[PDB]
Amino acid sequence: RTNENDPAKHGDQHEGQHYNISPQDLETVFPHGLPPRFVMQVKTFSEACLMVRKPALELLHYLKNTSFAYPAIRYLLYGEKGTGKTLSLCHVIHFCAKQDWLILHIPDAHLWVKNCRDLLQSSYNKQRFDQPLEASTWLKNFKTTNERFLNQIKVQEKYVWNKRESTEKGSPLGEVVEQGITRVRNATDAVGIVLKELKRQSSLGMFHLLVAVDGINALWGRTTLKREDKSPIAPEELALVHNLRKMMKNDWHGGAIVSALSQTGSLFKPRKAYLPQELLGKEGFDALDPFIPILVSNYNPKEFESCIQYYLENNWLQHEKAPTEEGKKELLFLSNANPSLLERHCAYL
Amino acid sequence: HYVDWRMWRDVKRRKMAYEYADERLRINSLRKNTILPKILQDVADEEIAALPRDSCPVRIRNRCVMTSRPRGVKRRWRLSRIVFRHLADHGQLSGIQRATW
Amino acid sequence: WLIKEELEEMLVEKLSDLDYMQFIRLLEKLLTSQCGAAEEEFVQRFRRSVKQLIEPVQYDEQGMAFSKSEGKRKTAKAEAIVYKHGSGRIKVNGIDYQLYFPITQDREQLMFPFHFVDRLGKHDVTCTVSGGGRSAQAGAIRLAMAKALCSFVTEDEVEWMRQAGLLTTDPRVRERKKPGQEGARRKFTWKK
Amino acid sequence: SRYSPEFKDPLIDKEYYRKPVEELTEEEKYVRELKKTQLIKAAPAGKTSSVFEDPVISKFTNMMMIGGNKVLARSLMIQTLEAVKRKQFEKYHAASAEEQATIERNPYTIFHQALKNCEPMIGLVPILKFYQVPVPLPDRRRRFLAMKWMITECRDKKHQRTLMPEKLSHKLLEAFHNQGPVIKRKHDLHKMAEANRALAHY
Amino acid sequence: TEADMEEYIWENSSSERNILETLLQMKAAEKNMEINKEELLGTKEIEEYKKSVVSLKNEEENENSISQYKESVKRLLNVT
RNA sequence: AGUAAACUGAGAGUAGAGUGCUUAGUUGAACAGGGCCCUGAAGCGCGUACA
Ligand SMILES: Nc1ncnc2c1ncn2[C@@H]1O[C@H](COP(=O)(O)OP(=O)(O)OP(=O)(O)O)[C@@H](O)[C@H]1O
Ligand SMILES: Nc1nc2c(ncn2[C@@H]2O[C@H](COP(=O)(O)OP(=O)(O)O)[C@@H](O)[C@H]2O)c(=O)[nH]1
Ligand SMILES: [Mg+2]
């Protein structure tokens, strides 16, 4: 536990201690993305406490040393399953949001590339496919996270939604987002327009952009979605995926592209694929490189004690032997300091 | 002096099939392909049909050599199950013991 | 006492059950009659009498001590090397135990011996397993680890493990299907 | 059984082995000495020496098992425990100080108390003289009947699309509070026993 | 084609092109136009980077290889 | 009791042909305590009766 709640002052001195996110900030900045199990824990406890760690502090120092004049640099948080990459990305997202950044956050790319009942054909490009439901979902999440910047940011082009309906240069980005949401048919197109406008305006310096993409390995992998002829679909055929790759490019400046690999839900990948190349594949490695790889691993004994004491204080560990050092040692044995295994045991312990 | 007229018929079928095998082989190769004219394959079909019915290998049955039983014949010994059991239980078959594991 | 067949062979004679009972009762009376050495020697001619092997502690090139053992379950075989000192690491087929055994039941099987002797985190283990299903592999690794740990735990601890069942090879193996019945005991649906 | 009759079931209890010699009686000393000579079966994979071992819950899991999916059975059991704890936590948080004392929050305590509430004192067997007759139930039968009744009630199709964990948690809380169709079933059994009282002399 | 070689070759490779591009971007931002392809590739840092990348691409991938690669990338990107 | 149950392979035979048969393996439990009207097996025996 730390008294410091501002995400710009805390550093290594706070290592091994929880950092609280207020409910209002959780709602605004993080209406999505956060792991389902941590969401259940937050619902149970009324406390969104993430222990600060070297990975998150490192990437915060990276973003403080970043020069927006530089073309946006890529960072890649990689590791095994349940090492907390998602929560580190969320922590840094909170930092940038409190720093007034525009957070272009992708909660998970695995969802975008599977189980898409609504798969129409993009009007803007008849050779691609749209995912109106997911487009609307992410548009709503982005609006929730950056409503303030939504109005402040204007468009710089004419965008035709129908033969008679269009949006005009200089209009606020709110008009585009509203069109995408209400007119779900235009959802993917609005997502692409938003990505383009945010990229160009970050280049112009209207704000500072953090492109925080979770499970980035999905983009350059494979897809299970099948055409009306049952043919397989490659990722580029998904306008969302192609636009997200365009964003993953570093050609633009005015921000940084942070990403976090995630095997959870990955397609055709064996359970043990956790290395950057093994996940991204040749195409993904080639697209991301250059990148700064940051490892996320199990807990150390200090952070293990911090997590256990957090659960004990919250009384989550309602069993009698949980405070006992023997129970602590058994938890360490079973979870090998793995955050996800530890929590998935503590849930019924 | 075969066991029965059915075994003798089978022997005749075997001899006829062996004699006419190559002609049957080539005619069947001609018939089963998608290159030659359909008229060519039709003339081949009538030729194969005109070839003696008994020459067809399908009409060859694996009757027991020693009793001409039409069913339950082990292909490795060509003997009916009854005769195989008799010999095995009399120990006349090398290396074949009884069943216990 | 020696069984009736043993006595029959000893006497190269054919006895009866009542004959054996008479002889055994007379012998029992001879016991109870303060049989001295000169008599106990004769009696022991009719008596019949009714521990896990401690493997050597070998050493590596670096001089670190360890003990190697093996064990088989169903169709699985496991060779386990347990080091005198270790931080509880248990590498299976070059893989971490939790990764290799994605089932908490198998993890508990692995933990059972070391938990029983309260030596968790005091030994580093390398287990190479082969053959059989997941549960068979878990059982084989557990047996091998228990045997290897015997060398490092005291004799009383070894006896306690053996009593518990850690050190006893499992004789339960699949029973072969029998002809004319679906399973080893499943008789085909009784027609009528 | 491949185990010969000589084999004895292993005893898994640390305290039984740590008990001092002096406290042992002569009979207990003899038993301990004897066990050193007997053959012990290999331990079943189910039970161990964990301090969090509950034979009642293991039995309920085995009963709830279908076709050998012990993994799913255990998942369902733990999920029900968590759900019951969550509901109790919500009630405790929504309850005043005085009611917080009376509010329980231990899933195992609620589980066992509910099963005890669902145990049937008496059960009716066919007696011949056939007549359905009120007859006392052994404790094993009472516990088994309670478990089976709970599982059957949770498996009733009346619950539409509801998941086994939620269903079982709700039924467990109802029984814990001495309500629900399982308690109604126990009461129906007792009423039938009362009505057939006259036929008990058979 | 590159899909017809068992051995990855850093020369004329995506990684080589990308690292050269990154160096050019950094030096352009620094504004010192004292840079060239040969000048950038002649430094021992790029040698270490290419060595590590070749190791990762061809040899077995392990923690030691990943750590060496991370060290090289950090020294190249002037981040520590 | 590695039994039931579930699942997956392989073999016999044919040119081909089974949801049939044979066989290998995997996960893998619950009851085991009451009684004899019903079936059958006995002893205690009873009473029938013809060869
Ligand atoms: N810094 C932290 N603060 C609090 N809890 C944490 C932290 N890091 C990890 N945890 C706990 O670890 C659990 C497991 O993390 P989770 O699996 O969601 O992360 P991930 O790295 O995205 O992994 P996965 O590959 O499983 O998606 C989280 O639910 C959370 O409870
Ligand atoms: N409906 C609509 N969509 C647009 C318009 N302009 C841009 N977009 C969307 O914005 C995304 C980015 O556009 P852009 O990169 O310039 O098109 P591309 O380079 O040819 O793929 C596209 O995928 C479109 O879906 C427009 O005028 N109308
Ligand atoms: Mg994460």
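We place every Cβ from the backbone using ideal geometry, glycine too, and count neighbours over all the protein chains shown. Where a number appears in this text, it was derived from the coordinates with a stated rule and is not lab data.
A single member of C:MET161, C:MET145 is of a type in the set (A, V, I, L, M), within 14 Å of chain D (Cβ to nearest Cβ), buried (at least 19 other Cβ atoms within 10 Å of the Cβ) and within 21 Å of the chain's Cα centre (by Cα), and it is C:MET161.
Of everything in region B:43-101 that's among the hydroxyl-bearing types (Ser, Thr, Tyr) and part of a loop (DSSP other than H, G, I, E, B), which residue is farthest from B:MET7 (Cα to Cα)? Applying the filter and picking the extreme gives B:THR100. Once region D:74-126 is narrowed to residues that are among the basic types (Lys, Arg) and farther than 30 Å from D:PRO136 by Cα, the residue that is farthest from the other protein chains (Cβ to nearest Cβ) is D:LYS91. Restricting attention to region C:135-192 and to residues that are in a helix (DSSP H, G or I) and under 24 Å from D:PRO5 (Cα atoms), the residue that is nearest to ligand 3 (Cβ to nearest atom) turns out to be C:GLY139.
In the list A:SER259, A:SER266, which residue meets the criterion of being away from ligand 2 (no atom under 16 Å from the Cβ), away from every other protein chain (no Cβ under 14 Å), part of a strand (DSSP E or B) and surrounded by 21 or more Cβ atoms within 10 Å (Cβ to Cβ)?
The unique qualifying residue is A:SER259.
Looking at region E:44-68 only, could you name the residues that are surrounded by 12 or more Cβ atoms within 10 Å (Cβ to Cβ) and either within 10 Å of another protein chain (Cβ to nearest Cβ) or assigned to a loop (DSSP other than H, G, I, E, B) (or both)? Result: E:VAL53, E:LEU56, E:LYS57, E:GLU61, E:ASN62, E:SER65, E:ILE66, E:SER67.
Here the strands (runs of 3 or more DSSP E) wholly within region C:12-114 that include at least 3 residues being surrounded by 10 or more Cβ atoms within 10 Å (Cβ to Cβ), of a type in the set (A, V, I, L, M, F, W, C) and in contact with a strand residue (DSSP E or B) (Cβ under 9 Å, 6 or more places away or on another chain) are C:76-83.
Buried (at least 23 other Cβ atoms within 10 Å of the Cβ) and either away from ligand 2 (no atom under 15 Å from the Cβ) or more than 15 Å from the chain's Cα centre (by Cα) (or both): is that true of A:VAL160 in this structure? Against the criterion (buried (at least 23 other Cβ atoms within 10 Å of the Cβ) and either away from ligand 2 (no atom under 15 Å from the Cβ) or more than 15 Å from the chain's Cα centre (by Cα) (or both)), A:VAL160 does not qualify. Consider E:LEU20 carefully, then state whether it is more than 13 Å from chain A (Cβ to nearest Cβ), of a type outside the set (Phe, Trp, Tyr) and part of a helix (DSSP H, G or I). The answer is no for E:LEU20.
Take the residues in region A:303-331 that are assigned to a helix (DSSP H, G or I) and within 9 Å of chain D (Cβ to nearest Cβ); name whichever of them is surrounded by the most Cβ atoms within 10 Å (Cβ to Cβ).
A:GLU330
Being surrounded by 15 or more Cβ atoms within 10 Å (Cβ to Cβ) and acidic (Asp, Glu) holds for only one residue in D:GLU53, D:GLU82, and it is D:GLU82. Among the residues of region A:97-111, are any surrounded by fewer than 16 Cβ atoms within 10 Å (Cβ to Cβ), outside any loop (DSSP other than H, G, I, E, B), away from every other protein chain (no Cβ under 14 Å) and within 16 Å of ligand 2 (Cβ to nearest atom)? No, region A:97-111 has no match at all.
For (1) among the hydroxyl-bearing types (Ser, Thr, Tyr); (2) facing another protein chain (nearest Cβ under 9 Å); (3) out of contact with any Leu (no Cβ under 9 Å at 6 or more places or on another chain); (4) closer than 24 Å to A:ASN250 by Cα, each residue gets a yes or a no:
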| residue | (1), (2), (3), (4) |
| --- | --- |
| E:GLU7 | no, no, yes, no |
| E:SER15 | yes, yes, yes, yes |
| E:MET26 | no, yes, no, yes |
| E:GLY42 | no, no, yes, no |
| E:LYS70 | no, yes, no, yes |
| E:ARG75 | no, no, yes, yes |
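Is it the case that region C:172-183 has a residue that's away from every other protein chain (no Cβ under 11 Å) and surrounded by 17 or more Cβ atoms within 10 Å (Cβ to Cβ)? Among the residues of region C:172-183, not one is away from every other protein chain (no Cβ under 11 Å) and surrounded by 17 or more Cβ atoms within 10 Å (Cβ to Cβ), which makes the answer no. Within region C:115-142, being of a type in the set (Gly, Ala, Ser), surrounded by fewer than 18 Cβ atoms within 10 Å (Cβ to Cβ) and either away from chain D (no Cβ under 11 Å) or within 16 Å of ligand 2 (Cβ to nearest atom) (or both) holds for C:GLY121, C:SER130, C:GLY131, C:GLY133. The single condition among (1) within 28 Å of the chain's Cα centre (by Cα); (2) among the polar types (S, T, N, Q); (3) more than 9 Å from every other protein chain (Cβ to nearest Cβ) that D:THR25 does not meet is (1). Restricting to region A:201-232, and then to whatever is assigned to a loop (DSSP other than H, G, I, E, B) and more than 23 Å from the chain's Cα centre (by Cα), can you tell me which residue is surrounded by the most Cβ atoms within 10 Å (Cβ to Cβ)? Selected residue: A:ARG227. Of all positions in region A:304-317, at least one carries a residue that is out of contact with any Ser or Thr (no Cβ under 7 Å at 6 or more places or on another chain) and of a type in the set (D, E, K, R). Selection of region A:23-70 for residues being in a loop (DSSP other than H, G, I, E, B) and either in contact with a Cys (Cβ under 9 Å, 6 or more places away or on another chain) or more than 14 Å from chain E (Cβ to nearest Cβ) (or both) yields A:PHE30, A:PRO31, A:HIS32, A:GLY33, A:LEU34, A:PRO35, A:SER46, A:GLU47, A:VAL52, A:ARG53. Scanning region A:71-96 for residues that are away from chain E (no Cβ under 11 Å), over 13 Å from the mean Cα position of the chain (by Cα) and within 9 Å of ligand 1 (Cβ to nearest atom) returns A:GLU80, A:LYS81, A:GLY82, A:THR83.
Of the listed requirements (1) surrounded by fewer than 17 Cβ atoms within 10 Å (Cβ to Cβ); (2) touching a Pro at 6+ places or on another chain (Cβ under 6 Å), A:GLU283 misses just one: (2). In a residue-by-residue description of region A:225-247, the property of being within 14 Å of another protein chain (Cβ to nearest Cβ) and away from RNA strand F (no atom under 16 Å from the Cβ) applies to no position. Within the set A:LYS230, A:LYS163, A:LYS226, the sole residue that is more than 16 Å from ligand 1 (Cβ to nearest atom) and at positive phi turns out to be A:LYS230. Counting only residues that are part of a helix (DSSP H, G or I) and loosely packed, with under 15 Cβ neighbours inside 10 Å, region A:286-302 holds 2 of them.
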